[PDB]
């Protein structure tokens, strides 16, 4: 175990191998960690557990740190399998130990573990739990961030905020603190995490953070459930969340597509050239959805002021990977972004109009579409390049 601060001990699990989260919809290219914490004052408190995969290691490591019978309280901020997965294994040894969680958490814990006989203690925002030596735990409900059962736990005196998923990231390292790891990799994983997970709940992020700041509680460290512990200027991740929640966008345009014979690809490249020669201020990224990392694309969309999506017509409908990605964007609910559909067809086409409608359903402000027949010749590529010019001028943040 590792000492976080004073009597706070890290008893979590590092995961160097993990590459698949949420089935296969979140790629963790730099692994992850599942942070669990043991506070040892007059009372002994365990905050969260780990993924069920590492349940046998978690309990064994916990035994080496403390006698299981000496654990007074267990706090579950979040009952997702990556934090409450080892709960059944633990409660098998100490079935009488009280569990402090939200009312919604009782539903989610019982939903996964099927042990309603456990001793649950419903907490709400403002409720306190004394652990001795002048210190206490303060609970703050954070529903739909990102689950109905989500909450945070604040420790007085030591001034440590256990925020669980919030402000966390999928980044594995032997070092525990934020000032001990590579800043670029840390930032990338942080923004990747928010873009793919917390984007649809951005409207709830700002008022909740404002509420927490209203409590006037000092924060020396922010102990998340994923990745590093923020100790050096810990509120930097809070400020990033405030910026990211305000319908974040840079002067950036993301282009992604799928293709069978590279006809749509040639259209995408021509559009990009038109943009770059019209507005040098705009950053342009191009991805083939069949050949690229899906979560990297979505992170770029989150950063972009607008997107262009390409697809060829196949059996009167759009390419499936495009349809799948559009469905996902419909759930992430991006705001204040614009979009334009394009692609090639053989005869009757129809997939571009179909795509344009579904992008509109996803919440994008739609511009005119761009269509081409078979492989674009020099004249057709001019039209594609002209489309990029028209898009650049329309989506301009500032004149010229």
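Numbering follows the first chain given and starts at 1.
- If you average the C-alpha B-factors over 162 to 170 and over 120 to 128, the higher value belongs to 120 to 128.
- Look at the C-alpha B-factors of 22 to 30 and of 343 to 351. On average they run higher in 22 to 30.
- Residue-level inspection of the entry shows that, of 103, 76, 267, 276, 276 has the top Cα B-factor.
- Of the candidates 39, 368, 62, 332, it is 62 whose Cα B-factor is highest according to the PDB record.
- Among the modelled residues of its chain, residue 250 has a C-alpha B-factor that falls in the middle third, as given in the PDB entry.
- The deposited CA B-factor of residue 7 belongs to the lowest third of values across its chain.
- In the PDB entry, residue 312 places in the highest third of its chain by CA B-factor.
- Sort the chain's modelled residues by C-alpha temperature factor and residue 198 lands in the middle third, per the entry.
- When the CA B factors of the chain's modelled residues are split into thirds, the value for residue 259 lands in the lowest one.
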